[PDB]
């Protein structure tokens, strides 16, 4: 073929789009509607408009390149078209970058600044109670910001295949939301927040728990514990312009101490706990040989998915609480027993890459003695804001350490944040448990990677068992619907709602669609975790000294009596009715 773009001739044989072919060279083409190799098929943004000699203005997103084409990307007509579309977008956009939370990384602001567009009538409503949906424990919607972009809808479509995010005809207007515009919590939505991740504006956000944190930090009698997720230490640095794949653990600890937090712990400790329990009940599930298989229950999105699509699998879920909740359970029981704190005056805060964790911490039965397990959950973005508003020079902070009592962790817990991490961590301990032997080879590298469905065979104590790692909700839907589950007898299965693991959660830093061509965000984020794993001396959850101490002096032996009654939570399917 022969292509002419801006006068320059290209000879190629690639069968792609104009946008892609131009971006594989250095021809700039603005785009808003195009993401995840999909565009809004109904009201196309036409931001990627170019001019094909003989045809006219076309959208480069969904236009295949052909011989004889002469393309213009910056002719007068093209830019008047784009400026037109952007102005039209501004006509329904409250561009009060006044207190906006997408200010420092908004794509729409970038487009407006680029083409210098202005609205014909500035959109400024008296009340916004009509445009705002904050009923959800995990999600908030601000339609004063929405561009009717479709990117959220497509993202939900391809990450979950649930279509919990729909287009809706709300009394004349076209909006986005849930089934019958009810609250997301009340639908089949997984609250995985991958809607937020694909959103270019402040239209979709996480339900904020920041004031919840401050009102505890300023409360005199309130002793505020804080513990972060595995992924956070490998992601938050991005929001402070530090680059991709940077370990900022010590910096995080320092910032948390500078924010007024009374105790610095880590959710990886709880990941080690979850491994203790889960490996134990895996083995007592072994020489019972049932009920097989056993699914992981640490991902709240996968939990909600099961409840809404496969409740007959709820009994096959592990009764062991997720790292967050199993940490919260110990911080209100065991931690006062080694600190002398009135447990009622204890306030546990987790830093998460997830948004579903909010819905998981506000579950009615996540209590004992009236006391919550987790009182507040903030995301990576929330922690970043909370740091910036305190004007804490994060990128230049020196490294601290957490508090060891429930803060130190093993390499097994360190890789939870990746897909296949829970699998590997569980196997390392379960094998030693069943064989009564401290094995040396602990790296299970078949379950790693970004493949959708991963399968492996392992032999625990001279007997072979089949394990599977599901990487993404849509992949769970595929794994079940395509009958792969009823192929071979599976024995242990890991499911993560977000493709790539928790490192790609709904509460993670928004990455520009023009840094994504450069960086494999999932692998780059996971790299830190996998390195932390190997450079740690203790690489198994039952090798965490603090955890062991905890188990001997409070919980007793795992999977039993005390440990079972306090540290576990099981899901019950609704009984048959009509």
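Numbering follows the first chain given and starts at 1.
Asker: For the higher mean C-alpha B factor in the entry, choose 25-33 or 514-522.
Answerer: Stretch with the higher mean C-alpha B-factor: 514-522.
Asker: Would you tell me which stretch averages the higher CA B-factor in the PDB entry, 353-361 or 86-94?
Answerer: In the deposited entry, the stretch with the higher C-alpha B-factor mean is 86-94.
Asker: Sort 193, 449, 125, 150 by C-alpha B-factor from the entry and give me just the highest.
Answerer: Out of 193, 449, 125, 150, the record gives the largest C-alpha B-factor to 125.
Asker: Whose CA atom has the top B-factor in the entry, of 486, 308, 482, 138?
Answerer: Highest C-alpha B-factor among the listed residues goes to 486.
Asker: What third of its chain's C-alpha B-factors does residue 47 belong to: lowest, middle or highest?
Answerer: For residue 47, the deposited C-alpha B-factor lands in the lowest third.
Asker: Taking the entry's C-alpha B-factors for this chain, is residue 345 in the lowest, middle or highest third?
Answerer: Middle third of the chain for residue 345's C-alpha B-factor.
Asker: Which third of the chain holds residue 434 when residues are ordered by C-alpha B factor: lowest, middle or highest?
Answerer: Its C-alpha B-factor, which the entry lists for residue 434, ranks in the highest third among residues of this chain.
Asker: Relative to the other modelled residues of the same chain, rank the CA B-factor of residue 368 and answer lowest, middle or highest third.
Answerer: Tercile = highest for this residue's CA B-factor.
Asker: Splitting the chain's C-alpha B-factors into thirds, which one does residue 251 fall into?
Answerer: Its C-alpha B-factor, which the entry lists for residue 251, ranks in the middle third among residues of this chain.
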